[PDB]
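Note that the chains take the letters A, B, C and D in the order they are written out, and that residue 1 is the start of every chain.
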Amino acid sequence: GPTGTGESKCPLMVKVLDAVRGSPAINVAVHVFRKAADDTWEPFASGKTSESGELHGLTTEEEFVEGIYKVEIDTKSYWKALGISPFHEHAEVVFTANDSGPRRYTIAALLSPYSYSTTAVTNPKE
Amino acid sequence: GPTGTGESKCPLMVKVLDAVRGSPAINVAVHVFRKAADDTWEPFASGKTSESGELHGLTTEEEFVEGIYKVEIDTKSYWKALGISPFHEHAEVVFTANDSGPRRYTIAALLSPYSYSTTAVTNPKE
Amino acid sequence: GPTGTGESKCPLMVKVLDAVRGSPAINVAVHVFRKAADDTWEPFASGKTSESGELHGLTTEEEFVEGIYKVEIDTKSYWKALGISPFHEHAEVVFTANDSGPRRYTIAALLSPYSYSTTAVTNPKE
Amino acid sequence: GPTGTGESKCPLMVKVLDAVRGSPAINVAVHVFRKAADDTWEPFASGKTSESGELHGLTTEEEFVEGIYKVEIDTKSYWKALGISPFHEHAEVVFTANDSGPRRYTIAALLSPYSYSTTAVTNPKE
(Lines give C-alpha, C1' and ligand atoms only; values in the text may rest on other atoms or scores of the structure.)
Protein backbone atom coordinates (compact mmCIF):
# COMPACT_ATOMS: atom_id res chain seq x y z
CA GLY A 1 0.00 0.00 0.00
CA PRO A 2 1.60 3.27 1.22
CA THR A 3 5.04 2.44 -0.20
CA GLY A 4 7.02 2.83 -3.41
CA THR A 5 10.56 3.12 -4.75
CA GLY A 6 12.21 4.11 -1.46
CA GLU A 7 12.33 4.53 2.31
CA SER A 8 13.70 7.58 4.17
CA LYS A 9 12.51 10.63 6.16
CA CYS A 10 9.60 10.67 3.68
CA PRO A 11 10.48 13.41 1.22
CA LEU A 12 7.15 12.82 -0.58
CA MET A 13 3.79 11.86 0.99
CA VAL A 14 0.26 11.87 -0.54
CA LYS A 15 -3.10 12.16 1.38
CA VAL A 16 -6.50 11.83 -0.32
CA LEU A 17 -9.85 12.79 1.27
CA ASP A 18 -13.40 12.12 0.08
CA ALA A 19 -15.64 15.23 0.25
CA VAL A 20 -18.87 13.31 -0.40
CA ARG A 21 -18.44 10.81 2.48
CA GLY A 22 -16.27 12.72 4.87
CA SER A 23 -13.54 10.15 5.05
CA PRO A 24 -10.16 9.42 3.63
CA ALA A 25 -10.11 8.01 0.10
CA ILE A 26 -8.88 4.40 0.53
CA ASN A 27 -7.26 2.38 -2.28
CA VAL A 28 -6.62 5.30 -4.60
CA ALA A 29 -3.80 4.40 -7.01
CA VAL A 30 -1.07 7.04 -7.36
CA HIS A 31 1.64 7.25 -10.04
CA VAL A 32 4.62 9.50 -9.79
CA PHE A 33 6.67 10.51 -12.78
CA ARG A 34 9.82 12.49 -13.18
CA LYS A 35 10.54 14.67 -16.19
CA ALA A 36 13.19 12.84 -18.14
CA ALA A 37 16.24 14.36 -19.86
CA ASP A 38 14.57 13.90 -23.27
CA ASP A 39 11.57 15.82 -21.95
CA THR A 40 9.35 12.75 -21.49
CA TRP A 41 7.80 11.53 -18.23
CA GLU A 42 9.79 8.65 -16.74
CA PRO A 43 7.83 6.46 -14.26
CA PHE A 44 9.20 7.18 -10.77
CA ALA A 45 7.10 5.45 -8.07
CA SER A 46 3.52 4.22 -7.44
CA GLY A 47 1.27 2.85 -4.74
CA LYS A 48 -2.21 3.05 -3.29
CA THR A 49 -3.57 4.99 -0.35
CA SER A 50 -4.09 3.17 2.88
CA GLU A 51 -7.17 3.09 5.09
CA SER A 52 -5.99 6.50 6.29
CA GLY A 53 -6.02 7.91 2.78
CA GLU A 54 -2.26 8.28 2.93
CA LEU A 55 0.65 7.18 0.80
CA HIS A 56 4.11 6.85 2.44
CA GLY A 57 7.47 5.34 1.46
CA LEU A 58 7.04 6.23 -2.20
CA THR A 59 10.63 7.35 -2.45
CA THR A 60 13.85 8.08 -0.61
CA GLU A 61 15.95 11.17 0.09
CA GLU A 62 18.78 9.91 -2.10
CA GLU A 63 16.52 9.00 -5.03
CA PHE A 64 14.43 12.16 -4.87
CA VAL A 65 16.78 14.50 -6.81
CA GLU A 66 15.93 17.98 -8.23
CA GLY A 67 13.41 17.77 -11.08
CA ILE A 68 9.84 18.29 -12.32
CA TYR A 69 7.60 15.59 -10.98
CA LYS A 70 4.05 14.74 -11.88
CA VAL A 71 1.86 13.17 -9.21
CA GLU A 72 -1.12 11.46 -10.85
CA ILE A 73 -4.09 10.43 -8.73
CA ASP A 74 -6.55 7.95 -10.25
CA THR A 75 -9.73 9.62 -9.12
CA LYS A 76 -11.86 8.05 -11.87
CA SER A 77 -11.36 4.45 -10.73
CA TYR A 78 -12.12 5.63 -7.23
CA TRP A 79 -15.55 7.09 -8.07
CA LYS A 80 -16.42 4.30 -10.50
CA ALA A 81 -16.08 1.74 -7.76
CA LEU A 82 -18.44 3.90 -5.64
CA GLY A 83 -21.16 3.82 -8.32
CA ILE A 84 -20.45 7.35 -9.55
CA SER A 85 -19.58 8.65 -13.03
CA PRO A 86 -17.03 11.38 -12.23
CA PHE A 87 -16.02 14.30 -14.42
CA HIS A 88 -12.17 14.13 -14.35
CA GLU A 89 -10.04 11.31 -15.81
CA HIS A 90 -7.57 11.85 -12.94
CA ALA A 91 -6.02 14.56 -10.83
CA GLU A 92 -2.42 15.63 -11.64
CA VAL A 93 -0.05 17.80 -9.56
CA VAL A 94 3.05 19.04 -11.37
CA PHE A 95 5.82 20.83 -9.56
CA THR A 96 9.57 21.37 -9.38
CA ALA A 97 11.34 19.77 -6.45
CA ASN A 98 14.84 21.01 -5.64
CA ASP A 99 17.64 20.79 -3.07
CA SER A 100 17.71 24.58 -2.71
CA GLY A 101 14.97 24.90 -0.10
CA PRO A 102 11.92 22.75 0.85
CA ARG A 103 12.75 19.11 0.54
CA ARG A 104 9.88 17.19 2.16
CA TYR A 105 6.44 17.30 0.44
CA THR A 106 2.86 16.50 1.46
CA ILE A 107 0.53 16.65 -1.55
CA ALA A 108 -3.07 16.58 -0.29
CA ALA A 109 -6.18 16.11 -2.45
CA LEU A 110 -9.86 16.59 -1.53
CA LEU A 111 -12.21 14.77 -3.93
CA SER A 112 -15.73 15.46 -5.22
CA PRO A 113 -17.21 13.83 -8.38
CA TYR A 114 -17.18 17.15 -10.33
CA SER A 115 -14.46 18.92 -8.42
CA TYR A 116 -11.15 18.61 -6.58
CA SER A 117 -8.62 20.77 -4.70
CA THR A 118 -4.98 20.08 -4.15
CA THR A 119 -2.61 21.77 -1.78
CA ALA A 120 1.05 21.27 -0.91
CA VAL A 121 3.36 20.91 2.13
CA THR A 122 4.81 21.88 5.54
CA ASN A 123 8.65 21.85 6.05
CA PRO A 124 10.82 19.02 7.58
CA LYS A 125 8.26 16.17 7.43
CA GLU A 126 5.91 16.95 10.34
CA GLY B 1 -37.26 35.77 -10.73
CA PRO B 2 -34.79 34.84 -7.94
CA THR B 3 -34.09 38.21 -6.32
CA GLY B 4 -33.61 39.57 -2.80
CA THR B 5 -34.90 43.04 -1.87
CA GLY B 6 -33.78 45.97 -4.03
CA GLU B 7 -33.17 45.84 -7.80
CA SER B 8 -30.46 47.76 -9.71
CA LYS B 9 -26.63 47.80 -10.08
CA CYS B 10 -25.91 44.86 -7.74
CA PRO B 11 -23.48 45.65 -4.94
CA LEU B 12 -23.84 42.09 -3.56
CA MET B 13 -24.50 38.82 -5.43
CA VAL B 14 -24.41 35.16 -4.37
CA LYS B 15 -23.72 32.12 -6.54
CA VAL B 16 -23.83 28.53 -5.30
CA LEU B 17 -22.42 25.43 -7.08
CA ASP B 18 -22.93 21.68 -6.55
CA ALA B 19 -19.63 19.78 -6.71
CA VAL B 20 -21.37 16.35 -6.71
CA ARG B 21 -23.52 16.90 -9.78
CA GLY B 22 -21.46 19.56 -11.54
CA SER B 23 -24.27 22.09 -11.82
CA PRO B 24 -25.53 25.20 -10.01
CA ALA B 25 -27.24 24.70 -6.62
CA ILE B 26 -30.82 25.57 -7.61
CA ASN B 27 -33.44 26.86 -5.19
CA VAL B 28 -31.13 27.32 -2.25
CA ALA B 29 -32.22 29.59 0.58
CA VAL B 30 -29.84 32.41 1.45
CA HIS B 31 -30.46 34.89 4.26
CA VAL B 32 -28.32 38.04 4.66
CA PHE B 33 -27.80 39.81 8.00
CA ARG B 34 -26.27 42.99 9.27
CA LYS B 35 -24.69 43.21 12.74
CA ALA B 36 -26.64 45.80 14.69
CA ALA B 37 -25.25 48.15 17.39
CA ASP B 38 -25.91 45.63 20.15
CA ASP B 39 -24.00 43.19 17.96
CA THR B 40 -27.04 41.13 17.06
CA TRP B 41 -27.92 40.01 13.55
CA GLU B 42 -30.73 41.99 12.01
CA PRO B 43 -32.38 40.45 8.87
CA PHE B 44 -31.23 42.39 5.85
CA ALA B 45 -32.24 40.50 2.65
CA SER B 46 -33.18 36.97 1.57
CA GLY B 47 -33.86 34.86 -1.48
CA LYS B 48 -33.55 31.48 -3.21
CA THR B 49 -31.02 30.79 -5.96
CA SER B 50 -32.36 30.53 -9.51
CA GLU B 51 -31.91 27.84 -12.15
CA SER B 52 -28.47 29.42 -12.69
CA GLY B 53 -27.51 29.13 -9.03
CA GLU B 54 -27.46 32.90 -8.57
CA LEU B 55 -29.22 35.40 -6.27
CA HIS B 56 -29.47 39.03 -7.45
CA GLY B 57 -31.20 42.26 -6.43
CA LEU B 58 -30.68 41.43 -2.76
CA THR B 59 -30.10 45.09 -1.87
CA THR B 60 -29.19 48.42 -3.41
CA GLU B 61 -26.20 50.78 -3.29
CA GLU B 62 -27.92 53.35 -1.14
CA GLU B 63 -29.00 50.60 1.32
CA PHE B 64 -25.73 48.61 1.42
CA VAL B 65 -23.78 50.65 3.96
CA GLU B 66 -20.45 49.90 5.56
CA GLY B 67 -20.70 47.39 8.34
CA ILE B 68 -20.43 43.71 9.12
CA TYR B 69 -22.53 41.30 7.06
CA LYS B 70 -23.48 37.64 7.37
CA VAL B 71 -24.55 35.57 4.39
CA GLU B 72 -26.07 32.34 5.57
CA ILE B 73 -26.68 29.58 3.05
CA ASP B 74 -29.13 26.74 3.78
CA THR B 75 -26.90 23.90 2.61
CA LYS B 76 -28.59 21.12 4.61
CA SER B 77 -32.09 21.42 3.07
CA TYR B 78 -30.27 21.29 -0.27
CA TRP B 79 -28.57 17.95 0.37
CA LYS B 80 -31.69 16.57 2.09
CA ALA B 81 -33.71 17.30 -1.02
CA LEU B 82 -31.16 15.24 -2.97
CA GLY B 83 -31.19 12.47 -0.36
CA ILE B 84 -27.56 12.80 0.73
CA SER B 85 -26.67 13.03 4.40
CA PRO B 86 -24.69 16.25 4.94
CA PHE B 87 -22.34 17.35 7.67
CA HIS B 88 -22.95 21.09 8.00
CA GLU B 89 -26.02 22.74 9.37
CA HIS B 90 -25.46 25.63 6.90
CA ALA B 91 -22.66 27.66 5.33
CA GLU B 92 -21.80 31.16 6.58
CA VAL B 93 -19.78 34.02 5.22
CA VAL B 94 -19.08 36.93 7.61
CA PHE B 95 -17.33 40.03 6.17
CA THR B 96 -16.96 43.79 6.56
CA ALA B 97 -18.28 45.92 3.71
CA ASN B 98 -15.85 48.82 3.44
CA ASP B 99 -16.44 51.80 1.10
CA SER B 100 -12.83 52.53 0.17
CA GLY B 101 -12.78 48.96 -1.09
CA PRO B 102 -14.53 47.41 -4.14
CA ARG B 103 -18.21 48.08 -4.64
CA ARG B 104 -19.46 44.87 -6.24
CA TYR B 105 -19.23 41.57 -4.26
CA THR B 106 -19.95 38.11 -5.61
CA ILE B 107 -19.89 35.54 -2.78
CA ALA B 108 -19.26 32.20 -4.48
CA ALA B 109 -20.01 28.95 -2.70
CA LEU B 110 -19.02 25.42 -3.94
CA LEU B 111 -20.85 22.68 -2.06
CA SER B 112 -20.18 19.04 -1.12
CA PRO B 113 -21.99 17.00 1.56
CA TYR B 114 -18.90 17.18 3.79
CA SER B 115 -17.10 20.15 2.50
CA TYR B 116 -17.47 23.68 1.17
CA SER B 117 -15.45 26.52 -0.29
CA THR B 118 -16.37 30.16 -0.30
CA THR B 119 -14.66 32.83 -2.30
CA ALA B 120 -15.32 36.55 -2.89
CA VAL B 121 -15.18 39.82 -4.91
CA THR B 122 -14.18 41.68 -8.09
CA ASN B 123 -15.12 45.33 -8.84
CA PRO B 124 -16.59 46.76 -12.10
CA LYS B 125 -19.39 44.28 -12.88
CA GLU B 126 -20.11 41.13 -14.94
CA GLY C 1 -1.88 25.55 22.69
CA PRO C 2 -3.66 22.47 21.23
CA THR C 3 -5.81 21.90 24.33
CA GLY C 4 -9.14 22.98 25.79
CA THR C 5 -11.91 21.85 28.13
CA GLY C 6 -11.05 18.14 28.11
CA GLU C 7 -8.79 15.17 27.41
CA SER C 8 -9.90 11.84 25.89
CA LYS C 9 -9.70 9.86 22.62
CA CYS C 10 -9.99 13.28 20.93
CA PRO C 11 -13.61 13.50 19.85
CA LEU C 12 -12.89 16.90 18.25
CA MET C 13 -9.68 18.02 16.49
CA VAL C 14 -9.02 21.11 14.29
CA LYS C 15 -6.27 21.48 11.57
CA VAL C 16 -5.60 24.76 9.73
CA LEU C 17 -3.46 25.10 6.58
CA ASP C 18 -2.18 28.22 4.82
CA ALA C 19 -2.73 28.12 1.02
CA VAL C 20 -0.54 31.16 0.33
CA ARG C 21 2.60 29.81 2.07
CA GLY C 22 2.09 26.10 1.85
CA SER C 23 2.34 25.45 5.54
CA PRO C 24 0.17 24.88 8.53
CA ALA C 25 -1.44 27.98 10.03
CA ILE C 26 0.28 28.40 13.43
CA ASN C 27 -1.27 30.34 16.35
CA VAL C 28 -4.77 30.52 14.94
CA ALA C 29 -7.24 31.04 17.80
CA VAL C 30 -10.27 28.73 17.76
CA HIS C 31 -13.50 29.08 19.76
CA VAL C 32 -16.03 26.34 20.11
CA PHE C 33 -19.60 26.96 21.13
CA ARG C 34 -22.49 24.71 21.85
CA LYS C 35 -26.09 25.63 21.13
CA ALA C 36 -27.65 26.29 24.50
CA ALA C 37 -31.12 25.23 25.66
CA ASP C 38 -32.37 28.83 25.29
CA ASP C 39 -31.11 28.80 21.70
CA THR C 40 -28.02 30.92 22.39
CA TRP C 41 -24.38 29.89 21.82
CA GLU C 42 -22.73 28.83 25.08
CA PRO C 43 -18.88 28.99 25.05
CA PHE C 44 -17.59 25.40 25.01
CA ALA C 45 -13.79 25.29 24.52
CA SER C 46 -10.95 27.33 22.92
CA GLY C 47 -7.29 27.16 22.06
CA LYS C 48 -4.75 27.98 19.39
CA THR C 49 -3.20 25.84 16.69
CA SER C 50 0.25 24.49 17.26
CA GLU C 51 3.26 24.64 14.97
CA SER C 52 1.60 21.76 13.13
CA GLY C 53 -1.55 23.78 12.53
CA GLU C 54 -3.46 21.42 14.77
CA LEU C 55 -5.68 21.77 17.80
CA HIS C 56 -6.05 18.77 20.17
CA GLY C 57 -7.48 18.19 23.65
CA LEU C 58 -10.24 20.74 23.18
CA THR C 59 -12.76 18.47 24.81
CA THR C 60 -13.47 15.04 26.22
CA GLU C 61 -15.75 12.13 25.30
CA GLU C 62 -17.88 12.64 28.40
CA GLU C 63 -18.26 16.40 27.90
CA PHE C 64 -18.92 16.20 24.18
CA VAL C 65 -22.67 15.38 24.30
CA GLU C 66 -25.16 15.51 21.37
CA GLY C 67 -25.76 19.08 20.17
CA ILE C 68 -25.17 21.78 17.55
CA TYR C 69 -21.68 23.12 17.84
CA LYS C 70 -20.10 26.11 16.17
CA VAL C 71 -16.37 26.02 15.50
CA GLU C 72 -15.08 29.55 14.94
CA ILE C 73 -11.64 30.08 13.42
CA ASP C 74 -10.10 33.54 13.76
CA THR C 75 -8.75 33.85 10.26
CA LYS C 76 -8.70 37.66 10.31
CA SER C 77 -6.15 37.97 13.12
CA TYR C 78 -4.09 35.38 11.32
CA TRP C 79 -3.82 37.34 8.05
CA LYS C 80 -3.48 40.70 9.78
CA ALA C 81 -0.36 39.52 11.54
CA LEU C 82 0.99 38.45 8.12
CA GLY C 83 0.54 41.96 6.67
CA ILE C 84 -2.61 41.06 4.74
CA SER C 85 -6.11 42.60 4.81
CA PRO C 86 -8.32 39.51 4.44
CA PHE C 87 -11.92 39.38 3.27
CA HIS C 88 -13.64 37.24 5.98
CA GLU C 89 -14.06 38.22 9.65
CA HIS C 90 -13.61 34.53 10.57
CA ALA C 91 -14.45 31.05 9.38
CA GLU C 92 -17.33 29.21 11.13
CA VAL C 93 -18.28 25.51 10.89
CA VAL C 94 -21.69 24.60 12.30
CA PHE C 95 -22.80 21.02 12.64
CA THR C 96 -24.79 18.58 14.75
CA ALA C 97 -22.77 16.08 16.75
CA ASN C 98 -24.60 13.04 18.10
CA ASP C 99 -24.09 9.69 19.83
CA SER C 100 -26.00 7.89 17.08
CA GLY C 101 -23.10 7.40 14.67
CA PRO C 102 -19.79 9.26 14.06
CA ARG C 103 -18.36 10.46 17.31
CA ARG C 104 -14.81 11.65 16.56
CA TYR C 105 -14.37 14.79 14.39
CA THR C 106 -11.52 16.36 12.43
CA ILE C 107 -12.51 19.81 11.12
CA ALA C 108 -9.89 20.93 8.59
CA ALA C 109 -9.60 24.44 7.10
CA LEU C 110 -7.47 25.64 4.16
CA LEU C 111 -6.94 29.42 4.19
CA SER C 112 -6.50 32.07 1.48
CA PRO C 113 -7.01 35.83 2.06
CA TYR C 114 -10.20 35.93 -0.10
CA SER C 115 -11.21 32.31 0.22
CA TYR C 116 -11.39 29.24 2.44
CA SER C 117 -12.55 25.60 2.34
CA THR C 118 -13.54 23.43 5.23
CA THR C 119 -14.03 19.71 5.30
CA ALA C 120 -14.92 17.22 8.03
CA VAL C 121 -13.79 13.85 9.47
CA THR C 122 -12.73 10.18 9.32
CA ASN C 123 -14.21 7.67 11.87
CA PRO C 124 -12.63 6.46 15.20
CA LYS C 125 -9.91 9.13 15.56
CA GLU C 126 -7.25 8.02 13.05
CA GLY D 1 -11.26 40.12 -27.13
CA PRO D 2 -10.04 37.07 -25.14
CA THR D 3 -11.18 34.17 -27.32
CA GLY D 4 -9.79 30.80 -28.43
CA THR D 5 -10.50 29.48 -31.94
CA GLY D 6 -14.13 29.27 -33.05
CA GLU D 7 -16.89 31.71 -32.07
CA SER D 8 -20.56 30.83 -31.40
CA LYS D 9 -22.68 28.93 -28.81
CA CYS D 10 -19.79 27.99 -26.47
CA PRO D 11 -19.52 24.28 -25.76
CA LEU D 12 -16.42 24.88 -23.58
CA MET D 13 -15.52 27.90 -21.41
CA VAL D 14 -12.81 28.53 -18.82
CA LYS D 15 -12.89 30.92 -15.87
CA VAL D 16 -9.99 31.50 -13.49
CA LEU D 17 -10.14 33.23 -10.06
CA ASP D 18 -7.43 34.61 -7.74
CA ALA D 19 -8.06 33.63 -4.12
CA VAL D 20 -5.30 35.95 -2.79
CA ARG D 21 -6.64 39.18 -4.25
CA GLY D 22 -10.31 38.26 -4.59
CA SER D 23 -10.57 39.03 -8.29
CA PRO D 24 -10.49 37.19 -11.63
CA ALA D 25 -7.10 35.88 -12.84
CA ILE D 26 -6.53 38.27 -15.76
CA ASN D 27 -4.37 37.47 -18.77
CA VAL D 28 -3.75 33.85 -17.91
CA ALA D 29 -2.59 31.50 -20.65
CA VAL D 30 -4.73 28.42 -21.20
CA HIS D 31 -3.93 25.74 -23.78
CA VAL D 32 -6.46 23.01 -24.68
CA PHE D 33 -5.44 19.59 -26.03
CA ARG D 34 -7.10 16.55 -27.48
CA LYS D 35 -5.64 13.05 -27.00
CA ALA D 36 -4.85 11.71 -30.44
CA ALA D 37 -5.01 8.04 -31.55
CA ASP D 38 -1.42 7.38 -30.50
CA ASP D 39 -2.45 8.87 -27.17
CA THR D 40 -0.44 12.05 -27.61
CA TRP D 41 -1.75 15.53 -26.95
CA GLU D 42 -2.55 17.46 -30.09
CA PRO D 43 -3.01 21.26 -29.69
CA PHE D 44 -6.69 22.06 -29.95
CA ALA D 45 -7.30 25.69 -28.86
CA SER D 46 -5.60 28.41 -26.79
CA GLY D 47 -6.15 31.84 -25.34
CA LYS D 48 -5.57 34.26 -22.45
CA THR D 49 -8.25 35.12 -19.90
CA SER D 50 -9.85 38.55 -20.17
CA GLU D 51 -10.35 41.29 -17.58
CA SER D 52 -13.25 39.13 -16.35
CA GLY D 53 -11.07 36.04 -15.94
CA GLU D 54 -12.91 34.19 -18.71
CA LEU D 55 -11.91 32.51 -22.00
CA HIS D 56 -14.62 32.08 -24.67
CA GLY D 57 -14.91 31.03 -28.32
CA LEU D 58 -12.22 28.39 -27.81
CA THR D 59 -13.95 25.98 -30.20
CA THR D 60 -17.29 25.27 -31.81
CA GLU D 61 -19.97 22.58 -31.53
CA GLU D 62 -19.14 20.96 -34.83
CA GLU D 63 -15.42 20.86 -33.86
CA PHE D 64 -15.80 19.75 -30.22
CA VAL D 65 -16.17 16.00 -30.71
CA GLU D 66 -16.28 13.26 -28.12
CA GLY D 67 -12.87 12.37 -26.80
CA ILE D 68 -10.41 13.10 -24.04
CA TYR D 69 -9.44 16.73 -23.44
CA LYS D 70 -6.73 18.48 -21.46
CA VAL D 71 -7.06 22.07 -20.30
CA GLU D 72 -3.72 23.34 -19.13
CA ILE D 73 -3.59 26.60 -17.21
CA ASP D 74 -0.32 28.56 -16.89
CA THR D 75 -0.59 29.29 -13.17
CA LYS D 76 3.13 29.88 -12.54
CA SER D 77 3.60 32.84 -14.92
CA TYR D 78 0.56 34.30 -13.18
CA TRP D 79 2.04 34.21 -9.69
CA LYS D 80 5.47 35.25 -11.00
CA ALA D 81 3.94 38.35 -12.51
CA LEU D 82 2.55 39.16 -9.05
CA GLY D 83 5.88 38.37 -7.38
CA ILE D 84 4.68 35.42 -5.30
CA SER D 85 6.60 32.15 -5.33
CA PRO D 86 4.21 29.37 -6.40
CA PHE D 87 4.30 25.64 -5.96
CA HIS D 88 2.72 24.26 -9.13
CA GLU D 89 4.19 24.33 -12.58
CA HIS D 90 0.65 24.68 -13.99
CA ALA D 91 -2.90 23.45 -13.39
CA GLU D 92 -4.44 20.67 -15.52
CA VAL D 93 -7.93 19.40 -16.06
CA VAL D 94 -8.28 16.12 -18.00
CA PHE D 95 -11.82 14.97 -18.90
CA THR D 96 -13.85 12.98 -21.44
CA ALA D 97 -16.33 14.96 -23.52
CA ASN D 98 -19.31 12.65 -23.96
CA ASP D 99 -22.28 13.50 -26.24
CA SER D 100 -25.04 11.87 -24.22
CA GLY D 101 -23.93 14.17 -21.43
CA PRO D 102 -24.27 17.99 -21.10
CA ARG D 103 -23.21 20.15 -24.01
CA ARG D 104 -21.88 23.28 -22.32
CA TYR D 105 -18.81 23.01 -20.01
CA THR D 106 -17.43 25.77 -17.81
CA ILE D 107 -14.12 24.69 -16.24
CA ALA D 108 -13.69 26.89 -13.18
CA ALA D 109 -10.31 27.29 -11.54
CA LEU D 110 -9.65 29.04 -8.15
CA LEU D 111 -5.96 29.78 -7.62
CA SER D 112 -3.61 30.16 -4.64
CA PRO D 113 0.21 30.02 -4.71
CA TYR D 114 0.13 26.60 -3.04
CA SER D 115 -3.27 25.36 -3.82
CA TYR D 116 -5.97 25.14 -6.48
CA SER D 117 -9.51 23.95 -7.00
CA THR D 118 -11.12 23.04 -10.27
CA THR D 119 -14.79 22.48 -10.81
CA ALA D 120 -16.96 21.81 -13.88
CA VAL D 121 -20.21 21.90 -15.92
CA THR D 122 -23.89 22.93 -16.20
CA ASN D 123 -25.98 22.56 -19.40
CA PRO D 124 -28.28 25.19 -21.02
CA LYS D 125 -26.07 28.30 -21.01
CA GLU D 126 -25.35 31.45 -18.95
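In the analysis below, contacts are C-beta pairs under 8 Å (C-beta built on N, C-alpha and C of every residue); 3 or more make two chains touch, one makes a residue touch a chain.
Q: Suppose chain centres are the mean of their C-alpha atoms. Which chain sits farthest from chain B?
A: Of all chains, A has its centre farthest from that of chain B.
Q: Which of A-B, B-D or A-D has the same interface as B-C, meaning more than half of the contact pairs match by residue number?
A: A-D
Q: When the centre of a chain is set as the mean of its C-alpha atoms, what distance in Å lies between chain B and chain D?
A: Taking the mean C-alpha position of each chain, the two centres sit 26 Å apart.
Q: Just give me the whole-number Å value for how far the CA centre of chain A lies from that of chain C.
A: That gives a centre separation of 26 Å.
Q: So what's the Cα centroid distance for chain C and chain D, whole Å?
A: Averaging C-alpha atoms per chain gives centres 34 Å apart.
Q: Where in chain A do residues touch two or more of the other chains?
A: Counting only residues that touch two or more other chains, chain A contributes 19, 22, 87, 110, 112, 114-115, 117, 119-121.
Q: Once bound in the complex, which stretches of chain B touch chain D?
A: Touching chain D: residues 17, 19, 22-24, 51-52, 102, 108, 110, 117, 119-124, 126 of chain B.
Q: Inside the complex, what are the residues of chain C that reach chain D?
A: 18-22, 87, 110, 112-115, 117
Q: If you look only at chain D, which of its residues touch chain A in the complex?
A: Result: residues 68, 87-90, 92-96, 112, 114-121 of chain D touch chain A.
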